[PDB]
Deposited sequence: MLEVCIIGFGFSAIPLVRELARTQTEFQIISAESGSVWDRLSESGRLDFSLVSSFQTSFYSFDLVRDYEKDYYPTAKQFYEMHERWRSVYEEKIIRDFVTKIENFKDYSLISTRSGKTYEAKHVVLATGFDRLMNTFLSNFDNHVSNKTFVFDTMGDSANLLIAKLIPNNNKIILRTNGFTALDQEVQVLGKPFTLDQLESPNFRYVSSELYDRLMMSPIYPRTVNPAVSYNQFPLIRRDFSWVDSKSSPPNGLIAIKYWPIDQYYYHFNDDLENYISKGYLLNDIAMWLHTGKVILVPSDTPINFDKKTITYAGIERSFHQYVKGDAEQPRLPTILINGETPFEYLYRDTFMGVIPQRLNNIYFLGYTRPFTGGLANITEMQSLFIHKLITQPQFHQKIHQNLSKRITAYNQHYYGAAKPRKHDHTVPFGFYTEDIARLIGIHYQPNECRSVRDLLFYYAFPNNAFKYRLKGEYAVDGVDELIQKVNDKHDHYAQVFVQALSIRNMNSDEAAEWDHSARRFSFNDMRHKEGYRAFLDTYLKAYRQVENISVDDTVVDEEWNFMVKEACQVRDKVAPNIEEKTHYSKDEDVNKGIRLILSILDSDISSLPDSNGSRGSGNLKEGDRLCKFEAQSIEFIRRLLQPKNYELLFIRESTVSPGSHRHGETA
């Protein structure tokens, strides 16, 4: 009897196949001849964009240990080339066919295929990815569409990439949405670039819920009255967060788009602009679009005529060329038959850690958990370790499954509370999820085993990337020691985010929200760093057009749009003139202090009262996770 069958091979399955090979566990992969959206984009030459996620979080530990030299954003070309490199390694273990049905029995499954070939396997892993409504827009994208009006009912990363591509053809963009969370993918800390995933210090949740909440939520919840923040200039960007019923913030189910702020885009790409655009580094600064009026927000309930193709806002009856109805994610699951009869019903919350479904025996889901920030790699590497351990170690399989339904209830209580199921429940802060799996497997760090201040920075401030948990123990990867050293040497041992937590420990949430926004350039949606880049924007559009052989007329002037932008930007035209740094000073001084006591013994530190606090990090009081204990 075949020990393991993996269904679907693109990106998510790679780390699991690697571990099954290492332990010589018998496995077969079944995967469609057709392949993925990445094959659609490759075949049709549309891998001309870049990831919304850092290198560190988007490539597996066993690639990073070889190829990491600096933080950067990989291109769609590089990401796909990496999938193709791993497909080549394992292609001999792949049967090219399409699974149509799985019949699940007490200790095996019967797998049916389009060819008619059937397979028996004791353990079955689904790594088939999602169907996405929006893929047709990216895969069949037309760049000749010019001077047209688009209406989007949802802001997501796909809409934002479409918008980046339309705007340089003088396409006008109306968003008719119930708000959206957008975050600068890259941020300056005392004049040095940090990808946003470098600054989450997630294990601070263990100090307390409230402290972590103040560390994280002021750029997402409308907490500052600072008029430089996009959610004050353009309030139609605010969301209804009344659904959230959890002390764990950011909450599971919160989705964000991650975008190039124009200032960081300029710092990286200004010197070789056309060549960088052609590699797929597209400016996608939604806040700059709102600032310049190349995008407008309108209320959710703004009347539209689907028959005449018209949207009803202020004075002009604007005909729209296309309505984009907004991306949904549905797992590509075959029919699964419980005891080979009863259709399995998929719901993210009714699986443990997005991986283990109830009422199925030895079936695992790999790649259906979505990270709030950073790449999928962080999530699928840790899920792969979890699945490998369940498959190959019956003691671990028994430990997890014995109280499976209780673990799931305890997880849902902790992370969702009494909220009803939502379509985005599958979205998790990457640094909670990786840490959660690491504690389940037993490859976690213990805060009580920190000796030096340097050790506290590593435990609390070093990002909870999957490779963090592959330094030593059961899943160690060779070269992780050198990788961690390199990353620490380039990021000042994450002293800056450690000092952020030290700065806000005594504040309430309004105070921390004010302090967050006291910076000369605060992390996210700082509308003071837009006007100075108006000339560079024109250079950019000219560069984009030249790269893509586009010719449009700005000497042709769209009068009617010029007119609707004024109505859209009334709060901004009122709020912006009220503009005009505690955070910069606090952080600068704190980093000085921390970097001076790097190698000081914690336990022995003498009796401001930040010392008390630093000493208490050996004994955090919010460490309990009832779905693990």
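Novice: If a residue lacks a C-alpha atom here, it counts as unmodelled; so which stretches of the deposited sequence fall into that category?
Specialist: Comparing the full sequence with the modelled residues, the uncovered ranges come out as 581-584, 612-631, 654-668.
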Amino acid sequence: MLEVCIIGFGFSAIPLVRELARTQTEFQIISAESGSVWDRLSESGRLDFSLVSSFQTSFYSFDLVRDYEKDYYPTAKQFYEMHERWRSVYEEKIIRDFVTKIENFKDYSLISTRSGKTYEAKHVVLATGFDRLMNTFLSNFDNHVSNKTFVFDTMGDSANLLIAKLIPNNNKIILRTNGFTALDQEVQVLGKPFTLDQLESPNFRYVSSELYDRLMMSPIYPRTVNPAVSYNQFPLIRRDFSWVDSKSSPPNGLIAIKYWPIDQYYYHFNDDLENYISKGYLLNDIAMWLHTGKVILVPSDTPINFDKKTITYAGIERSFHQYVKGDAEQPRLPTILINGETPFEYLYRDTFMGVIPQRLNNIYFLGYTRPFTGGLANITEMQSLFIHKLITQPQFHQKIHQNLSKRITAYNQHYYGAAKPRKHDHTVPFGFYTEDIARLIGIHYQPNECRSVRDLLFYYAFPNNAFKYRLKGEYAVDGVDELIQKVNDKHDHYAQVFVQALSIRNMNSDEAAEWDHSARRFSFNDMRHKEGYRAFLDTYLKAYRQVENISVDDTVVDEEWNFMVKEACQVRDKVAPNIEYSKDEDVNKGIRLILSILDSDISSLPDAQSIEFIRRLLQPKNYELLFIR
From here on, numbers count along this sequence of modelled residues.
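Novice: Test of understanding: from the entry's C-alpha B-factors, which stretch has the higher mean, 557-565 or 584-592?
Specialist: Of 584-592 and 557-565, the stretch with the higher C-alpha B-factor average is 557-565.
Novice: Going by the average Cα B-factor in the PDB entry, point out whether 239-247 or 461-469 comes out higher.
Specialist: Averaging CA B-factors over each stretch, the winner is 239-247.
Novice: Checking the record values for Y212, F137, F352, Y221, which has the greatest CA B factor?
Specialist: Answer for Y212, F137, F352, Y221: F137, with the highest C-alpha B-factor.
Novice: Going by the deposited entry, which of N549, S88, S201, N488 has the highest CA temperature factor?
Specialist: Spelled out: the listed residue with the top C-alpha B-factor is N549.
Novice: Could you place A32 in the lowest, middle or highest third of its chain by Cα temperature factor, using the values in the record?
Specialist: It belongs to the middle third of the chain when residues are ordered by C-alpha B-factor.
Novice: Divide the modelled residues of the chain into thirds by Cα B-factor and specify which third, lowest, middle or highest, holds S610.
Specialist: For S610, the deposited C-alpha B-factor lands in the highest third.
Novice: Among the chain's modelled residues, which third holds the C-alpha B-factor of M1?
Specialist: Highest third - that is where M1 ends up once the chain's C-alpha B-factors are sorted.
Novice: Would you please rank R22 by its C-alpha temperature factor against the other modelled residues of its chain and give the third it falls in: lowest, middle or highest?
Specialist: Tercile = middle for this residue's CA B-factor.
Novice: State the tercile, meaning the lowest, middle or highest third, of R520 with respect to the CA B-factors recorded for its chain.
Specialist: For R520, whose C-alpha B-factor we compare with every modelled residue in the chain, the answer is the middle third.
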